[PDB]
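Reproduced below: upload_26.txt, with compact mmCIF, N, CA and C atoms and all ligand atoms.
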```
# COMPACT_ATOMS: atom_id res chain seq x y z
N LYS A 1 -152.28 120.98 -44.89
CA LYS A 1 -152.63 122.29 -45.43
C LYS A 1 -154.13 122.46 -45.37
N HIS A 2 -154.57 123.63 -44.91
CA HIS A 2 -155.99 123.97 -44.80
C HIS A 2 -156.23 125.20 -45.67
N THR A 3 -156.94 125.02 -46.77
CA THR A 3 -157.07 126.10 -47.73
C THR A 3 -158.53 126.32 -48.10
N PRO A 4 -158.92 127.57 -48.37
CA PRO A 4 -160.29 127.82 -48.83
C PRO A 4 -160.56 127.15 -50.16
N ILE A 5 -161.80 126.69 -50.32
CA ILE A 5 -162.23 126.04 -51.55
C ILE A 5 -163.53 126.70 -52.01
N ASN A 6 -163.64 126.91 -53.32
CA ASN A 6 -164.87 127.44 -53.88
C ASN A 6 -165.98 126.39 -53.77
N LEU A 7 -167.22 126.86 -53.92
CA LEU A 7 -168.37 125.96 -53.82
C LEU A 7 -168.35 125.04 -55.03
N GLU A 8 -167.90 123.81 -54.82
CA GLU A 8 -167.67 122.87 -55.91
C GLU A 8 -167.72 121.46 -55.34
N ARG A 9 -167.90 120.49 -56.23
CA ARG A 9 -167.88 119.09 -55.84
C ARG A 9 -166.49 118.48 -55.97
N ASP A 10 -165.92 118.52 -57.17
CA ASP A 10 -164.65 117.86 -57.43
C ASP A 10 -163.49 118.68 -56.86
N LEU A 11 -162.32 118.05 -56.81
CA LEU A 11 -161.14 118.74 -56.33
C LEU A 11 -160.77 119.87 -57.29
N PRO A 12 -160.33 121.01 -56.78
CA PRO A 12 -160.06 122.16 -57.65
C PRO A 12 -158.73 122.00 -58.39
N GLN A 13 -158.56 122.84 -59.41
CA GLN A 13 -157.35 122.88 -60.20
C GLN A 13 -156.45 123.99 -59.69
N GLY A 14 -155.18 123.69 -59.51
CA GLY A 14 -154.22 124.67 -59.05
C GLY A 14 -153.13 124.00 -58.24
N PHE A 15 -152.26 124.83 -57.68
CA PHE A 15 -151.16 124.37 -56.84
C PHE A 15 -151.30 124.94 -55.43
N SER A 16 -151.02 124.10 -54.44
CA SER A 16 -150.99 124.53 -53.05
C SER A 16 -150.03 123.58 -52.33
N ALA A 17 -148.81 124.05 -52.08
CA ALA A 17 -147.83 123.22 -51.40
C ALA A 17 -148.20 123.03 -49.94
N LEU A 18 -147.77 121.91 -49.38
CA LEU A 18 -148.15 121.51 -48.03
C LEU A 18 -146.95 121.71 -47.10
N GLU A 19 -147.08 122.65 -46.16
CA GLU A 19 -146.03 122.86 -45.18
C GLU A 19 -145.99 121.70 -44.19
N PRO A 20 -144.81 121.39 -43.65
CA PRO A 20 -144.73 120.34 -42.63
C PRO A 20 -145.30 120.80 -41.30
N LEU A 21 -145.74 119.83 -40.50
CA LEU A 21 -146.18 120.11 -39.14
C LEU A 21 -145.26 119.47 -38.10
N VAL A 22 -145.11 118.14 -38.12
CA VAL A 22 -144.33 117.45 -37.10
C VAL A 22 -143.70 116.19 -37.69
N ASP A 23 -142.60 115.78 -37.05
CA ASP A 23 -141.99 114.47 -37.20
C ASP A 23 -141.85 113.87 -35.81
N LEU A 24 -142.13 112.58 -35.69
CA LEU A 24 -142.12 111.90 -34.42
C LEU A 24 -141.13 110.74 -34.44
N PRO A 25 -140.27 110.62 -33.44
CA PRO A 25 -139.28 109.52 -33.34
C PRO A 25 -139.84 108.27 -32.66
N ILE A 26 -140.60 107.49 -33.41
CA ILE A 26 -141.32 106.34 -32.87
C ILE A 26 -140.63 105.03 -33.20
N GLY A 27 -140.33 104.80 -34.48
CA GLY A 27 -139.69 103.57 -34.89
C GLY A 27 -140.54 102.32 -34.76
N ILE A 28 -141.81 102.39 -35.15
CA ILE A 28 -142.71 101.24 -35.14
C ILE A 28 -143.13 100.95 -36.58
N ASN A 29 -143.11 99.67 -36.95
CA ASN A 29 -143.51 99.30 -38.30
C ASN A 29 -145.02 99.47 -38.47
N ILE A 30 -145.42 99.95 -39.64
CA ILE A 30 -146.81 100.27 -39.94
C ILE A 30 -147.24 99.48 -41.17
N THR A 31 -148.43 98.90 -41.11
CA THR A 31 -148.96 98.13 -42.23
C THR A 31 -150.38 98.53 -42.60
N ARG A 32 -151.19 98.97 -41.64
CA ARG A 32 -152.58 99.32 -41.90
C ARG A 32 -152.94 100.57 -41.11
N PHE A 33 -153.98 101.25 -41.57
CA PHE A 33 -154.47 102.44 -40.89
C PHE A 33 -155.99 102.52 -41.03
N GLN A 34 -156.60 103.27 -40.13
CA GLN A 34 -158.05 103.42 -40.11
C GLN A 34 -158.44 104.88 -39.93
N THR A 35 -159.69 105.14 -39.58
CA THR A 35 -160.16 106.50 -39.35
C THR A 35 -161.20 106.49 -38.23
N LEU A 36 -161.31 107.62 -37.53
CA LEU A 36 -162.20 107.76 -36.39
C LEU A 36 -163.19 108.89 -36.64
N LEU A 37 -164.40 108.73 -36.11
CA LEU A 37 -165.48 109.69 -36.29
C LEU A 37 -166.10 110.01 -34.94
N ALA A 38 -166.88 111.09 -34.91
CA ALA A 38 -167.56 111.53 -33.70
C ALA A 38 -169.06 111.34 -33.85
N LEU A 39 -169.66 110.63 -32.91
CA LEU A 39 -171.10 110.39 -32.93
C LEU A 39 -171.69 110.42 -31.53
N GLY B 1 -122.67 99.50 9.26
CA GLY B 1 -122.82 98.12 8.85
C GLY B 1 -124.18 97.54 9.17
N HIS B 2 -124.98 98.24 9.96
CA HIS B 2 -126.37 97.86 10.18
C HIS B 2 -127.32 99.04 10.05
N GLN B 3 -126.83 100.22 9.75
CA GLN B 3 -127.62 101.42 9.57
C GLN B 3 -128.22 101.46 8.17
N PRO B 4 -129.37 102.11 8.00
CA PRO B 4 -130.02 102.12 6.68
C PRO B 4 -129.18 102.86 5.65
N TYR B 5 -129.19 102.33 4.43
CA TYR B 5 -128.48 102.91 3.30
C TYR B 5 -129.42 102.93 2.10
N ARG B 6 -129.52 104.08 1.44
CA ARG B 6 -130.37 104.24 0.28
C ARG B 6 -129.54 104.05 -0.98
N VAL B 7 -130.05 103.24 -1.91
CA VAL B 7 -129.34 102.85 -3.11
C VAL B 7 -130.20 103.17 -4.32
N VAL B 8 -129.58 103.75 -5.35
CA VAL B 8 -130.21 104.06 -6.62
C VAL B 8 -129.32 103.55 -7.74
N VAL B 9 -129.89 102.80 -8.67
CA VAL B 9 -129.17 102.23 -9.79
C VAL B 9 -129.72 102.82 -11.08
N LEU B 10 -128.83 103.32 -11.93
CA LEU B 10 -129.18 103.86 -13.23
C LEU B 10 -128.68 102.93 -14.32
N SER B 11 -129.57 102.57 -15.24
CA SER B 11 -129.24 101.73 -16.38
C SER B 11 -129.63 102.43 -17.67
N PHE B 12 -128.87 102.14 -18.73
CA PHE B 12 -129.11 102.71 -20.04
C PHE B 12 -129.19 101.58 -21.06
N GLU B 13 -129.66 101.92 -22.26
CA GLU B 13 -129.80 100.92 -23.30
C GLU B 13 -129.88 101.61 -24.66
N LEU B 14 -129.58 100.83 -25.70
CA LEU B 14 -129.69 101.27 -27.08
C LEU B 14 -130.36 100.17 -27.90
N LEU B 15 -130.98 100.57 -28.99
CA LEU B 15 -131.60 99.63 -29.93
C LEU B 15 -131.95 100.40 -31.19
N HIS B 16 -132.65 99.74 -32.11
CA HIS B 16 -133.00 100.32 -33.40
C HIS B 16 -134.16 101.31 -33.22
N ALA B 17 -133.81 102.46 -32.66
CA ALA B 17 -134.80 103.49 -32.36
C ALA B 17 -134.07 104.82 -32.25
N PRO B 18 -134.78 105.94 -32.44
CA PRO B 18 -134.14 107.25 -32.26
C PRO B 18 -133.74 107.47 -30.81
N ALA B 19 -132.66 108.24 -30.63
CA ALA B 19 -132.11 108.46 -29.29
C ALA B 19 -133.12 109.16 -28.39
N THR B 20 -133.52 110.38 -28.77
CA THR B 20 -134.58 111.14 -28.11
C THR B 20 -134.25 111.50 -26.66
N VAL B 21 -133.07 111.11 -26.18
CA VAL B 21 -132.64 111.41 -24.82
C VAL B 21 -131.16 111.76 -24.89
N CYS B 22 -130.84 113.04 -24.72
CA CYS B 22 -129.46 113.48 -24.80
C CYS B 22 -129.19 114.59 -23.79
N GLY B 23 -127.91 114.75 -23.46
CA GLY B 23 -127.49 115.72 -22.48
C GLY B 23 -127.39 117.12 -23.06
N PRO B 24 -126.99 118.05 -22.20
CA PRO B 24 -126.96 119.46 -22.62
C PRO B 24 -125.83 119.73 -23.60
N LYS B 25 -126.03 120.78 -24.40
CA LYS B 25 -125.01 121.31 -25.29
C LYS B 25 -125.02 122.82 -25.17
N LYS B 26 -123.84 123.41 -25.03
CA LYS B 26 -123.69 124.80 -24.64
C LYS B 26 -123.39 125.67 -25.85
N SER B 27 -123.80 126.93 -25.76
CA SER B 27 -123.66 127.90 -26.84
C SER B 27 -122.74 129.03 -26.40
N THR B 28 -121.78 129.37 -27.25
CA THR B 28 -120.89 130.49 -27.00
C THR B 28 -121.57 131.77 -27.48
N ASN B 29 -120.81 132.86 -27.55
CA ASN B 29 -121.35 134.13 -28.01
C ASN B 29 -121.38 134.17 -29.53
N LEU B 30 -121.89 135.27 -30.07
CA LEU B 30 -122.03 135.47 -31.51
C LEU B 30 -121.20 136.67 -31.93
N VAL B 31 -120.34 136.47 -32.93
CA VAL B 31 -119.46 137.53 -33.42
C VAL B 31 -119.73 137.71 -34.91
N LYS B 32 -119.47 138.92 -35.40
CA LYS B 32 -119.80 139.27 -36.77
C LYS B 32 -118.65 140.03 -37.41
N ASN B 33 -118.64 140.03 -38.74
CA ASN B 33 -117.70 140.80 -39.55
C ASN B 33 -116.25 140.40 -39.28
N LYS B 34 -116.03 139.13 -38.97
CA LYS B 34 -114.69 138.58 -38.80
C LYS B 34 -114.65 137.19 -39.41
N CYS B 35 -113.58 136.89 -40.14
CA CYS B 35 -113.41 135.55 -40.70
C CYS B 35 -113.28 134.57 -39.55
N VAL B 36 -114.33 133.78 -39.31
CA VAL B 36 -114.44 132.97 -38.10
C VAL B 36 -114.96 131.59 -38.46
N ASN B 37 -114.66 130.63 -37.58
CA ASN B 37 -115.29 129.32 -37.64
C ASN B 37 -116.72 129.40 -37.11
N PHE B 38 -117.54 128.42 -37.49
CA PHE B 38 -118.89 128.35 -36.96
C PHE B 38 -119.39 126.92 -37.01
N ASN B 39 -120.22 126.59 -36.02
CA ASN B 39 -120.92 125.31 -35.91
C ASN B 39 -122.36 125.65 -35.51
N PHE B 40 -123.21 125.84 -36.52
CA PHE B 40 -124.58 126.31 -36.31
C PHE B 40 -125.52 125.10 -36.26
N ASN B 41 -125.60 124.49 -35.08
CA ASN B 41 -126.56 123.41 -34.81
C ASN B 41 -126.39 122.25 -35.80
N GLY B 42 -125.14 121.87 -36.05
CA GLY B 42 -124.83 120.70 -36.84
C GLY B 42 -124.07 120.96 -38.12
N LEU B 43 -124.11 122.18 -38.65
CA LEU B 43 -123.36 122.52 -39.86
C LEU B 43 -122.13 123.32 -39.47
N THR B 44 -121.00 122.97 -40.06
CA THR B 44 -119.72 123.58 -39.74
C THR B 44 -119.17 124.31 -40.96
N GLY B 45 -118.36 125.33 -40.69
CA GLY B 45 -117.73 126.04 -41.79
C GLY B 45 -116.93 127.23 -41.29
N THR B 46 -116.39 127.97 -42.26
CA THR B 46 -115.60 129.16 -41.99
C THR B 46 -116.08 130.28 -42.90
N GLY B 47 -116.18 131.49 -42.36
CA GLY B 47 -116.57 132.61 -43.18
C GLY B 47 -116.86 133.85 -42.35
N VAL B 48 -117.44 134.83 -43.03
CA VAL B 48 -117.78 136.12 -42.44
C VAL B 48 -119.29 136.22 -42.36
N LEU B 49 -119.80 136.56 -41.18
CA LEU B 49 -121.23 136.64 -40.92
C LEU B 49 -121.68 138.10 -40.97
N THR B 50 -122.77 138.35 -41.69
CA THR B 50 -123.35 139.69 -41.77
C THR B 50 -124.86 139.58 -41.66
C1 LIG A 101 -142.04 95.27 -38.60
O1 LIG A 101 -142.60 94.13 -39.27
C2 LIG A 101 -141.83 93.68 -40.39
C3 LIG A 101 -142.61 92.56 -41.04
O2 LIG A 101 -142.97 91.57 -40.09
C4 LIG A 101 -140.44 93.25 -39.93
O3 LIG A 101 -139.67 92.87 -41.06
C5 LIG A 101 -139.76 94.39 -39.19
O4 LIG A 101 -138.53 93.94 -38.64
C6 LIG A 101 -140.65 94.92 -38.06
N1 LIG A 101 -140.03 96.07 -37.42
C7 LIG A 101 -139.46 96.02 -36.22
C8 LIG A 101 -139.48 94.69 -35.53
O5 LIG A 101 -138.95 97.01 -35.70
```
Give the structure from this file in structure tokens form.
Ligand SMILES: *[C@@H]1O[C@H](CO)[C@@H](O)[C@H](O)[C@H]1NC(C)=O
Amino acid sequence: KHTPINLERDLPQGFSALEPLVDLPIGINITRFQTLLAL
Amino acid sequence: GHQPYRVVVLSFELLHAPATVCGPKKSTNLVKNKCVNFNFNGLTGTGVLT
């Protein structure tokens, strides 16, 4: 979900449900995850 | 018996994974306002469609 946020530091108060995007039929066991950046 | 022959072999397999490979499935017409059977992409039943 991509929603507008007021100019604030902390997470806002309220409700915003998250619509689904995709499900993938992979069937691989997962134990760890990371993140990627652009430089 | 000595002329060239082209051969193709097809193999299949199953395991603990989603199928993700299936053949065609055909759709009939759509009727309304009649007590009819229906199979709408996996759910079955009987009733009147409006
Ligand atoms: C993923 O790893 C776990 C822990 O080693 C194992 O129990 C599970 O069978 C694995 N999943 C496979 C092989 O699909």
Residues of chain A within 8 Å of chain B, counting all atoms listed in the file, what are they? List them as a PDB file with N, CA and C atoms, in the frame of the given file.
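Output (result.pdb):
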```pdb
ATOM      1  N   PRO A  25    -140.270 110.620 -33.440  1.00  0.00           N
ATOM      2  CA  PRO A  25    -139.280 109.520 -33.340  1.00  0.00           C
ATOM      3  C   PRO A  25    -139.840 108.270 -32.660  1.00  0.00           C
ATOM      4  N   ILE A  26    -140.600 107.490 -33.410  1.00  0.00           N
ATOM      5  CA  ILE A  26    -141.320 106.340 -32.870  1.00  0.00           C
ATOM      6  C   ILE A  26    -140.630 105.030 -33.200  1.00  0.00           C
ATOM      7  N   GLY A  27    -140.330 104.800 -34.480  1.00  0.00           N
ATOM      8  CA  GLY A  27    -139.690 103.570 -34.890  1.00  0.00           C
ATOM      9  C   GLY A  27    -140.540 102.320 -34.760  1.00  0.00           C
ATOM     10  N   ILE A  28    -141.810 102.390 -35.150  1.00  0.00           N
ATOM     11  CA  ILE A  28    -142.710 101.240 -35.140  1.00  0.00           C
ATOM     12  C   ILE A  28    -143.130 100.950 -36.580  1.00  0.00           C
TER      13      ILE A  28
END
```
Report the distance between CA of residue 30 (chain A) and atom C1 of ligand LIG 101 (chain A) in Å, rounded to one decimal place.
-> 7.0 Å
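Environment of (-152.0, 126.5, -48.9): residues at most 6.5 Å away, judged by all atoms listed in the file, are residues 1, 2, 3, 16, 17 and 18 of chain A.
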Between CA of residue 41 (chain B) and CA of residue 15 (chain B) lies a distance of 24.8 Å
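Nearest-residue note for residue 46 (chain B): choosing from B:23, B:9, B:34, B:29, the minimum distance belongs to B:34, counting only C-alpha atoms.
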Considering only C-alpha atoms, return as a CSV table (one decimal) with N, CA and C atoms, in the frame of the given file whatever protein or nucleic-acid residues lie within 10 Å of residue 30 (chain B), sequence-local ones (same chain, fewer than 3 positions apart) excluded.
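Listing of part.csv after writing:
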```csv
chain,number,residue,atom,x,y,z
B,27,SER,N,-123.8,126.9,-25.8
B,27,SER,CA,-123.7,127.9,-26.8
B,27,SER,C,-122.7,129.0,-26.4
B,38,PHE,N,-117.5,128.4,-37.5
B,38,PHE,CA,-118.9,128.4,-37.0
B,38,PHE,C,-119.4,126.9,-37.0
B,49,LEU,N,-119.8,136.6,-41.2
B,49,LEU,CA,-121.2,136.6,-40.9
B,49,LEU,C,-121.7,138.1,-41.0
```
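Across the structure, atom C7 of ligand LIG 101 (chain A) and CA of residue 31 (chain A) are spaced 11.4 Å apart.
When all atoms listed in the file are used to compute distances to ligand LIG 101 (chain A), the closest of the residues A:21, A:8, A:29, A:14 turns out to be A:29.
Backbone DSSP assigns strand (DSSP E or B) in chain B to residues 36, 37, 38, 39, 40, 43, 44, 45, 46 and 47 of chain B.
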Is it possible to get the axis-aligned box enclosing region 6-15 of chain B (all listed atoms, 3 Å extra per side) as lines of an AutoDock Vina configuration file, with centre and edge lengths in Å rounded to one decimal?
```
center_x = -130.3
center_y = 101.9
center_z = -14.9
size_x = 9.3
size_y = 10.6
size_z = 38.6
```
